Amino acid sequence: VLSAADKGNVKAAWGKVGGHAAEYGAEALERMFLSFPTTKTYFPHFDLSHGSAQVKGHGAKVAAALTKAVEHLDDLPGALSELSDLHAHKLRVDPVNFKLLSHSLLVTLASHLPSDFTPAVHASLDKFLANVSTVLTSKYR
């Protein structure tokens, strides 16, 4: 559960991400697939070669969902219903994988906003991602 402070930190970090959300979204997938090769099993139909237009397009999808979540920090389950549906019910993604993408996403933000990625912001972003992960892996509908 996020503090009021977490919510502000998440919003601040995200404002810095701004128009690069998609790019960061794409790099993160990219880092996950490379560091954690078992995640690839979920994308048998994807071109997973380095630089894939497919991974890029998918990164934008992911980034787009995260911005949606940032905007609805007070009702994530409400905000990401369609997504749990897909991830929990449809794809049955093992929860461990969500920890791989989160890590990948922090690695990505850290490298691009070294100034902004303070320990406090790092702490709040981690919590937020744990929160989204929980919503996406829960069958509450």
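So that there is no doubt, residue numbering starts at 1 and follows the sequence shown.
The deposited model assigns a higher average Cα B-factor to 45 to 53 than to the other stretch when 82 to 90 and 45 to 53 are compared. Set 62 to 70 against 94 to 102 and average the Cα temperature factors; 62 to 70 ends up higher. Per the PDB record, residue ranking by Cα B-factor puts residue 76 in the highest third of the chain. Remark: residue 115 belongs to the highest third of its chain, ranked by C-alpha B-factor as recorded. When the CA B factors of the chain's modelled residues are split into thirds, the value for residue 121 lands in the lowest one. The PDB entry assigns residue 134 a C-alpha temperature factor belonging to the lowest third of its chain's modelled residues. For residue 14, the recorded CA B-factor ranks within the highest third of the chain. Only modelled residues enter the ranking.
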